[PDB]
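A.B. asks: Got a structure here, written out as structure tokens. Questions coming.
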Amino acid sequence: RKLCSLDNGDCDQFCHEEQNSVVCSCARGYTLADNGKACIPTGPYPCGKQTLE
């Protein structure tokens with residue numbers, strides 16, 4: 001358990017070890033946050049989210 005094998009590399013969604021070291025990415029409709037880890041929704045109904053309203 002090193003990079004992406006160690007807690008998804010701390011990413012919210014997609015994780016990839018690019019030449020050693022983690023690189024996170026997000027599904028369509030989300031944008032990688034400043035931390036380069038969190039995934040921020042673009043619209044009101046982002047994919048994969050249960051609706052609370």
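Labels for the structure tokens follow display order: chains A, B, ..., residues from 1 in each chain, ligands from 1.
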Output as a PyMOL selection string all residues of chain A that backbone DSSP marks as helix (DSSP H, G or I).
C.D. replies: chain A and resi 7-10
A.B. asks: So which residues touch region 20-33 of chain A within 7 Å, counting only C-alpha atoms, skipping near sequence neighbours fewer than 4 positions away, as a VMD selection string?
C.D. replies: chain A and resid 3 to 4 9 11 13 to 16 37 to 43 46
A.B. asks: With N, CA and C atoms retained, write the just-selected residues as an mmCIF file, in the first residue's frame.
C.D. replies:
```cif
data_model
loop_
_atom_site.group_PDB
_atom_site.id
_atom_site.type_symbol
_atom_site.label_atom_id
_atom_site.label_comp_id
_atom_site.auth_asym_id
_atom_site.auth_seq_id
_atom_site.Cartn_x
_atom_site.Cartn_y
_atom_site.Cartn_z
ATOM 1 N N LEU A 3 1.185 4.300 -3.124
ATOM 2 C CA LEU A 3 0.548 5.483 -3.682
ATOM 3 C C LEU A 3 -0.955 5.245 -3.780
ATOM 4 N N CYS A 4 -1.499 5.143 -4.990
ATOM 5 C CA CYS A 4 -2.933 4.903 -5.150
ATOM 6 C C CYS A 4 -3.461 3.696 -4.371
ATOM 7 N N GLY A 9 -4.868 7.024 -2.623
ATOM 8 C CA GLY A 9 -3.948 8.135 -2.806
ATOM 9 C C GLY A 9 -4.519 9.433 -2.273
ATOM 10 N N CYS A 11 -7.291 10.664 -3.003
ATOM 11 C CA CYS A 11 -8.158 11.300 -3.991
ATOM 12 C C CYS A 11 -9.630 11.043 -3.697
ATOM 13 N N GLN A 13 -11.958 10.763 -6.261
ATOM 14 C CA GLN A 13 -12.372 9.840 -7.292
ATOM 15 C C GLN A 13 -11.212 9.048 -7.898
ATOM 16 N N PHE A 14 -10.936 9.286 -9.177
ATOM 17 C CA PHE A 14 -9.881 8.580 -9.899
ATOM 18 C C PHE A 14 -8.478 8.816 -9.357
ATOM 19 N N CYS A 15 -7.679 7.754 -9.309
ATOM 20 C CA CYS A 15 -6.294 7.836 -8.842
ATOM 21 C C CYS A 15 -5.362 7.159 -9.851
ATOM 22 N N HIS A 16 -4.197 7.760 -10.079
ATOM 23 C CA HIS A 16 -3.214 7.209 -11.003
ATOM 24 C C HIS A 16 -1.800 7.562 -10.573
ATOM 25 N N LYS A 37 -6.845 17.107 -5.251
ATOM 26 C CA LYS A 37 -7.424 15.862 -4.772
ATOM 27 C C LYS A 37 -8.951 15.828 -4.775
ATOM 28 N N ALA A 38 -9.576 16.788 -4.103
ATOM 29 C CA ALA A 38 -11.033 16.823 -4.024
ATOM 30 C C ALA A 38 -11.672 17.032 -5.387
ATOM 31 N N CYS A 39 -12.911 16.578 -5.534
ATOM 32 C CA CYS A 39 -13.626 16.739 -6.788
ATOM 33 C C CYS A 39 -14.846 17.617 -6.548
ATOM 34 N N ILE A 40 -14.856 18.768 -7.208
ATOM 35 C CA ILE A 40 -15.919 19.747 -7.071
ATOM 36 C C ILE A 40 -16.944 19.641 -8.190
ATOM 37 N N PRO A 41 -18.239 19.628 -7.842
ATOM 38 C CA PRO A 41 -19.323 19.530 -8.830
ATOM 39 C C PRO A 41 -19.452 20.804 -9.644
ATOM 40 N N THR A 42 -19.759 20.644 -10.923
ATOM 41 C CA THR A 42 -19.931 21.768 -11.817
ATOM 42 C C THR A 42 -21.398 22.208 -11.811
ATOM 43 N N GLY A 43 -22.305 21.259 -12.021
ATOM 44 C CA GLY A 43 -23.716 21.605 -12.057
ATOM 45 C C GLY A 43 -24.528 21.246 -10.828
ATOM 46 N N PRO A 46 -24.841 16.746 -10.258
ATOM 47 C CA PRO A 46 -23.640 16.034 -10.706
ATOM 48 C C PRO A 46 -23.836 14.501 -10.666
#
```
A.B. asks: Would you compute the distance between CA of residue 19 (chain A) and CA of residue 6 (chain A)? Give it in Å to one decimal.
C.D. replies: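 Rounded to one decimal, the two atoms are 16.2 Å apart.
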A.B. asks: May I have all residues of chain A that DSSP, computed from the backbone, assigns to strand (DSSP E or B), given as a VMD selection string?
C.D. replies: chain A and resid 14 to 17 22 to 25 30 to 32 39 to 41
A.B. asks: Just to confirm, what's the straight-line distance from CA of residue 35 (chain A) to CA of residue 10 (chain A) in Å (one decimal)?
C.D. replies: 10.5 Å
A.B. asks: Restricting the calculation to only C-alpha atoms, which member of A:17, A:36, A:47, A:53 is positioned closest to residue 5 (chain A)?
C.D. replies: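 Between A:17, A:36, A:47, A:53, the residue approaching residue 5 (chain A) most closely is A:17.
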